[PDB]
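Asker: Submitted below is the structure of interest, expressed as structure tokens.
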Amino acid sequence: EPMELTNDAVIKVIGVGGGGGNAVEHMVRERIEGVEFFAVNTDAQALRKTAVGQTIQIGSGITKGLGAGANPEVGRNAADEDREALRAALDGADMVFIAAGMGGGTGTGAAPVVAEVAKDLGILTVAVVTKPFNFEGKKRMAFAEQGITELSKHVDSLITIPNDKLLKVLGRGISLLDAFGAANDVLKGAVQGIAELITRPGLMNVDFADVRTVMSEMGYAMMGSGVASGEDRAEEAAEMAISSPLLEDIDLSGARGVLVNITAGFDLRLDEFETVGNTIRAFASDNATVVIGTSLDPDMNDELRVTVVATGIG
Amino acid sequence: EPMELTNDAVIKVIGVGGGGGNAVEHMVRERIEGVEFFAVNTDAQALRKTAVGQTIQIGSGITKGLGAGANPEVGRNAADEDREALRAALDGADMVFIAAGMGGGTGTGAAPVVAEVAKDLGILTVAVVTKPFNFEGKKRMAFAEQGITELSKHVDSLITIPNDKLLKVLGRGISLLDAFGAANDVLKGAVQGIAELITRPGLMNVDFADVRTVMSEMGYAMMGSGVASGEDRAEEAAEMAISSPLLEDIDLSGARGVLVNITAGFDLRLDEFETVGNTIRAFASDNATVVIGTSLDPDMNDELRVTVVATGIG
Amino acid sequence: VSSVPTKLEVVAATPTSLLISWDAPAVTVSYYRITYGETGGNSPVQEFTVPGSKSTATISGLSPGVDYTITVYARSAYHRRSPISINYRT
Amino acid sequence: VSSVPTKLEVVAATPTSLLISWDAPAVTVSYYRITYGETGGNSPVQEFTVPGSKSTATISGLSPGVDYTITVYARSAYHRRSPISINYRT
Amino acid sequence: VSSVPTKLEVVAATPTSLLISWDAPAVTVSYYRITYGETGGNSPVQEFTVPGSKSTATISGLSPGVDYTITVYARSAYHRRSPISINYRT
Amino acid sequence: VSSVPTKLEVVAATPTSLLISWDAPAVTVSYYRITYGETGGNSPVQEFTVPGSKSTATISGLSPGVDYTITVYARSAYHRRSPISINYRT
Amino acid sequence: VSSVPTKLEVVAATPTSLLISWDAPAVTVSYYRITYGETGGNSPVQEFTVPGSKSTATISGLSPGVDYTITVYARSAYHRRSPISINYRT
Ligand SMILES: Nc1nc2c(ncn2[C@@H]2O[C@H](COP(=O)(O)OP(=O)(O)O)[C@@H](O)[C@H]2O)c(=O)[nH]1
Ligand SMILES: Nc1nc2c(ncn2[C@@H]2O[C@H](COP(=O)(O)OP(=O)(O)O)[C@@H](O)[C@H]2O)c(=O)[nH]1
């Protein structure tokens, strides 16, 4: 107990379902720093193939290790019967990221249960879930909507990333493997943009309390990002982040809290910090809680990345 | 018992009779993945020649190892007296494929008994049986019809593949060895099309529960497949699968469940998945349970295979 | 012998099965109770019954290279004689 | 056995979890109380309850290479039978 | 043979082309997939399909004195048989 | 490959220049960051950016007979994938 | 235990400090009296009080490699229970 007050922030990322497990395996391969990774799945074979290091097989007495199918209720019952393993894995963390692909059985039904356990443990719970493409039918979309509505009741923030928004930036005649790799990259980008403010901060930094200020009991959230280089990198990156397709569904002036991550190298300037902050606060609302910090990437030169998370959209 | 919940799906294929044993030996040679193969025959010499790895000699006290002849009753009595060996071989499986050639003595009479044992063990039982050619006489056809009627009472799904439908695609002046090799290939194709959704799934996958949803307590089933390449591969393959000669005996709009397997390489696209699903759901009925998954063949490039199983025809 | 059946023969029908044969009884037997399992093994034996008109029984699912013990009980309404047991090493 | 449940099986579902299985009871059990912890360890054991209709329980957060002791209590309104305990070395 | 097609013949129609011939199939083939490239070469192979009613295929743009490997796939709705491969040195 | 871009080609357009080519990306790239310099040289590398709609880049002022290392970064708002590096000896 | 507090934990927050933790009391405590000093040392111990709503206390100015003894008194208007003492070697 005394050591829990004198340690670094513990951040856990749990992927629920096949899509969530694939996304978390991608995050493991791409080496997010200062984060522990878990995969939770009903299908034992898929779990045995996932290279995430620590795996939990839920619903072993309901699905026999053969998957929950396309039924969210079976996934919910599978997660309901193994709340002890979920509690044991989640315990000891300050922030938890729940990555899942809404629409299936395991992820859609089991993400709310993991979220409920994490919140009842007093953990800052951020759900980073996607919606299926329109190419996947209407049943998957209805399941995803129901699962998102259920999940919003047990999370602090819920970042929704519609896959249909990714179609605008995907190459023509692209295989679904590459499209879902892009979706994995977007989920990893959201997790990294929120977590690297804590794990690898810059000189102008924010602490876990600042993050919890805008990520706690907020509800629905959206995420957008932008990059730029040259002399006008700050303004271009900020405007590109505000005008992200993953943010166009909402109005930034209605959000109850904005979290901004500026990733750069050793050449960020004070006026660039000021202009990014001014752009965000100009396109936000007057009474919104705005938290702006910087992260450090040693391999960025003359370039600047800006990530914006808008919370409390409702 | 605890390990039975944390293991891969166990799929067993049992060939009953001489034709079934030949088909299962063909499947062994062609290397279906993640499947265990058995041959059950009254003739001990034929069993000694079958290279399937695990063999069971039924009726050793009624036929003395000399075969049951062309009498289905003798085959039924031969299988009835060795229900313990059948139970011991079948036990421990999630799905069982019973491959046989209807018309003879051993297969026609013994496939229903193996099916009854498998169902009483609580196993998903799929019977993939053929009917004899019209070149084989009327007695074989009557025996086959009686055996199929008897077998339909103890199976979850019964896929009937009439050999007369194969005559439309067989070369002119073809020896019966090549015709029955084609029949073996068709039986292996049915087994592989149902089992590779589980054994080697794609990125858009279905689990054993999804398969059991459309393959359980359904009754009669039919199977059709198609291939295509180029830009229009998905629509062409789907339309060719719907218009298969092995499916023309029924109407796809009367089936109570449709199982679709899309086999492709690493270049399947989302719109292709959507258009195959849309074609199948357009030519099916509104309230039919449609399950669509993908399988992976690394050696397929720019080409696409679609397998359709229609269940609950009645 | 004092045990019914008096004779017991086991033959490997297939590399993973066994054929079991016993002599005909002098008194009608209603059914035969066969209990097979690994010799000196902690796992419970497997049991099944064949009708008394039969004289052979086939057991499957046998792991090669493992000793097996087979016992046959002859259950009749007219006696309570002892069973006969045999050992077979696959 | 005199203890309910009479049989207890443990299987490592994942390299950091355990699956626990017990036999069905002859008398209805309202819930099962499972207490797991390091064998001969000073730290207090972890405890949780599953409903009595269940037959399996999964425990997570287990350090590999460390011995564990698992005890299952069958709590019914119709008996007060002893628990059953097992030792598993991860 | 176990591979469809079973026979494969290659003839140099012109000093910079090859004519490829295979036997007729016992079962209807929808199309043939031919993949040709330098034998043991890092460059990706070239691929094209001919309809299944055909029995010959001509490939052009071949550098003389360079080994080539040709593989033919017979794609039918009724089997998934292996392809057949041949080596030709121009 | 895990690095965007996945393919990188370099051609000497003139005896004192190099043409650099990479494959099209699956996800929109805003700009490409190219860093070229002498391989294993103490001098700082030269850097420039081309827009993401481009697929080629020309670098000049290259001394013949000197090794060069070229690295391309694909900067997109939707990923942070690794760069790809190539070595060319003029 | 008979002493309030019943549990006492010490952790080295920094190489020259210690973090002290005790369990919550069953009865309201007005303040805690902590007395720390070198174990078996002639020098007088250092003393300070924290309010009873707290559960942790940090002590600084600690020489590494020197044993320390820490005693916590729970002063309440409703009991006069004994203190608890711990030994920590820096
Ligand atoms: N990011 C990502 N999303 C996926 C992947 N596979 C599937 N999805 C999405 O996740 C949703 C749920 O599918 P899936 O997770 O496989 O089903 P489940 O395992 O039963 O929960 C689908 O609608 C897909 O849109 C993947 O590999 N990566
Ligand atoms: N697929 C396939 N079917 C066969 C083969 N041989 C026979 N059949 C068919 O199976 C039916 C039953 O014959 P068979 O299995 O040999 O008789 P049984 O062994 O006494 O059951 C016949 O009507 C044939 O049409 C074979 O090698 N392969």
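Following the order of the structure tokens, chains are lettered A, B, ..., residues in each are numbered from 1, and ligands are numbered from 1.
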From the DSSP assignment of the backbone, select every residue of range 51-252 of chain A that is helix (DSSP H, G or I), and format the answer as a PyMOL selection string.
Answerer: chain A and resi 72-80+83-90+106-120+134-136+138-151+163-168+176-199+208-215+233-242+252
Asker: Which neighbours of residue 20 in chain G fall inside 6 Å, counting only C-alpha atoms, when residues of the same chain fewer than 2 positions from it are skipped, and could you give them as a list in words?
Answerer: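 Near neighbours after the sequence-gap exclusion: residues 9, 10, 56 and 57 of chain G.
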Asker: I'd like the contact shell of residue 30 in chain G - 7 Å cut-off, only C-alpha atoms, skipping same-chain residues fewer than 5 positions apart - returned as a JSON list (two decimals) with N, CA and C atoms, in the first residue's frame.
Answerer:
```json
[["chain", "number", "residue", "atom", "x", "y", "z"],
["G", 51, "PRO", "N", -2.95, 14.86, 12.01],
["G", 51, "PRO", "CA", -4.36, 14.73, 12.40],
["G", 51, "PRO", "C", -4.87, 13.32, 12.17],
["G", 52, "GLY", "N", -5.93, 12.98, 12.90],
["G", 52, "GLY", "CA", -6.45, 11.63, 12.89],
["G", 52, "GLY", "C", -7.17, 11.24, 11.62],
["G", 75, "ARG", "N", -4.23, 8.63, 19.46],
["G", 75, "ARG", "CA", -4.80, 9.34, 20.60],
["G", 75, "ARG", "C", -6.27, 9.64, 20.31],
["G", 76, "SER", "N", -7.16, 8.98, 21.04],
["G", 76, "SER", "CA", -8.59, 9.18, 20.90],
["G", 76, "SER", "C", -9.20, 9.48, 22.26]]
```
Asker: Please provide the set of residues having any atom within 9 Å of residue 54 in chain F, restricted to only C-alpha atoms, with same-chain residues fewer than 4 positions apart removed, written as a ChimeraX atom specification.
Answerer: /F:24,31-32,50
Asker: Could you write out the selected residues, including C-alpha atoms, as a PDB file, in the first residue's frame?
Answerer:
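After the write, selection37.pdb holds the following:
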```pdb
ATOM      1  CA  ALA F  24       1.553   4.540 -52.736  1.00  0.00           C
ATOM      2  CA  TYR F  31       3.731  14.903 -46.359  1.00  0.00           C
ATOM      3  CA  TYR F  32       6.907  12.852 -46.661  1.00  0.00           C
ATOM      4  CA  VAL F  50       7.442  16.775 -50.151  1.00  0.00           C
TER       5      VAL F  50
END
```
Asker: Please list as a PyMOL selection string every residue within 7 Å of range 200-214 of chain A, counting only C-alpha atoms and excluding residues in the same chain fewer than 3 positions away.
Answerer: chain A and resi 196-197+257-259+289+291+293-296+311
Asker: Go ahead and compute the interatomic distance for CA of residue 6 in chain B and CA of residue 59 in chain A, in Å to one decimal.
Answerer: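 Interatomic distance here is 10.3 Å.
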Asker: Which polymer residues have any atom within 6 Å of an atom of range 59-68 of chain E, counting only C-alpha atoms, with same-chain residues fewer than 6 positions away left out, as a PDB file with N, CA, C and O atoms, in the first residue's frame?
Answerer:
```
ATOM      1  N   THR E  16      11.173 -15.375 -78.650  1.00  0.00           N
ATOM      2  CA  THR E  16      10.882 -14.550 -77.484  1.00  0.00           C
ATOM      3  C   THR E  16       9.520 -14.870 -76.875  1.00  0.00           C
ATOM      4  O   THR E  16       8.987 -14.064 -76.105  1.00  0.00           O
ATOM      5  N   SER E  17       8.947 -16.030 -77.192  1.00  0.00           N
ATOM      6  CA  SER E  17       7.658 -16.433 -76.651  1.00  0.00           C
ATOM      7  C   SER E  17       7.711 -17.903 -76.263  1.00  0.00           C
ATOM      8  O   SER E  17       8.656 -18.623 -76.591  1.00  0.00           O
ATOM      9  N   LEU E  18       6.677 -18.340 -75.546  1.00  0.00           N
ATOM     10  CA  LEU E  18       6.510 -19.736 -75.172  1.00  0.00           C
ATOM     11  C   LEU E  18       5.054 -20.133 -75.338  1.00  0.00           C
ATOM     12  O   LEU E  18       4.151 -19.360 -75.010  1.00  0.00           O
ATOM     13  N   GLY E  37       7.560 -16.755 -64.107  1.00  0.00           N
ATOM     14  CA  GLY E  37       8.606 -15.845 -63.681  1.00  0.00           C
ATOM     15  C   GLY E  37       9.943 -16.547 -63.729  1.00  0.00           C
ATOM     16  O   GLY E  37      10.028 -17.754 -63.970  1.00  0.00           O
ATOM     17  N   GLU E  38      10.994 -15.766 -63.500  1.00  0.00           N
ATOM     18  CA  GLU E  38      12.339 -16.323 -63.477  1.00  0.00           C
ATOM     19  C   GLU E  38      12.481 -17.314 -62.329  1.00  0.00           C
ATOM     20  O   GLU E  38      12.052 -17.045 -61.204  1.00  0.00           O
ATOM     21  N   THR E  39      13.082 -18.464 -62.618  1.00  0.00           N
ATOM     22  CA  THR E  39      13.249 -19.503 -61.612  1.00  0.00           C
ATOM     23  C   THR E  39      14.226 -19.033 -60.542  1.00  0.00           C
ATOM     24  O   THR E  39      15.346 -18.616 -60.856  1.00  0.00           O
ATOM     25  N   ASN E  87       9.675 -26.200 -65.397  1.00  0.00           N
ATOM     26  CA  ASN E  87      10.826 -25.322 -65.561  1.00  0.00           C
ATOM     27  C   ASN E  87      11.264 -25.341 -67.018  1.00  0.00           C
ATOM     28  O   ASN E  87      11.457 -26.415 -67.596  1.00  0.00           O
ATOM     29  N   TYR E  88      11.421 -24.158 -67.606  1.00  0.00           N
ATOM     30  CA  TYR E  88      11.906 -24.027 -68.973  1.00  0.00           C
ATOM     31  C   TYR E  88      13.058 -23.036 -69.003  1.00  0.00           C
ATOM     32  O   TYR E  88      12.955 -21.942 -68.438  1.00  0.00           O
ATOM     33  N   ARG E  89      14.145 -23.414 -69.667  1.00  0.00           N
ATOM     34  CA  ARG E  89      15.321 -22.563 -69.816  1.00  0.00           C
ATOM     35  C   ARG E  89      15.373 -22.067 -71.254  1.00  0.00           C
ATOM     36  O   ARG E  89      15.626 -22.847 -72.178  1.00  0.00           O
ATOM     37  N   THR E  90      15.136 -20.772 -71.441  1.00  0.00           N
ATOM     38  CA  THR E  90      15.141 -20.175 -72.770  1.00  0.00           C
ATOM     39  C   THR E  90      16.563 -19.987 -73.288  1.00  0.00           C
ATOM     40  O   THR E  90      16.842 -19.046 -74.031  1.00  0.00           O
TER      41      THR E  90
END
```
Asker: DSSP on the backbone: what in chain C comes out strand (DSSP E or B), as number ranges by chain?
Answerer: C: 3, 8-11, 18-22, 31-38, 46-51, 56-59, 67-76, 79, 82, 84-89
Asker: Mind pulling up the distance from CA of residue 81 in chain B to CA of residue 11 in chain C?
Answerer: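 Rounded to one decimal, the two atoms are 17.0 Å apart.
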Asker: Report the distance between CA of residue 274 in chain B and CA of residue 246 in chain A in Å, rounded to one decimal place.
Answerer: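 Interatomic distance, CA of residue 274 in chain B to CA of residue 246 in chain A: 23.3 Å.
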Asker: So that I can check the surroundings of residue 112 in chain B, please list as a PyMOL selection string every protein, DNA and RNA residue that reaches within 8 Å of it, counting only C-alpha atoms and ignoring chain neighbours fewer than 2 positions away.
Answerer: chain B and resi 76+108-110+114-116+147+150-154
Asker: Please build the interface table for chain A against chain F with a cut-off of 6 Å, listing for each qualifying residue the nearest atom pair and the distance in Å to one decimal; count only C-alpha atoms, order rows by chain and increasing number, and write it as CSV.
Answerer:
```
residue,atom,partner,partner_atom,distance
A:169,CA,F:28,CA,5.2
A:170,CA,F:27,CA,4.8
A:171,CA,F:26,CA,4.7
A:185,CA,F:79,CA,5.2
A:186,CA,F:78,CA,5.5
A:225,CA,F:77,CA,5.5
A:226,CA,F:77,CA,4.8
A:227,CA,F:77,CA,5.8
```
Asker: How about saving the chosen residues, C-alpha atoms kept, as a compact mmCIF listing (two decimals), in the first residue's frame?
Answerer:
```txt
# COMPACT_ATOMS: atom_id res chain seq x y z
CA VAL A 169 -8.71 8.41 -46.24
CA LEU A 170 -8.31 4.77 -47.33
CA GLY A 171 -6.71 3.95 -50.65
CA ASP A 185 -3.47 2.39 -36.14
CA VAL A 186 -6.26 4.83 -35.27
CA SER A 225 -5.37 14.67 -34.88
CA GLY A 226 -3.19 16.54 -37.35
CA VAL A 227 0.41 16.86 -38.48
```
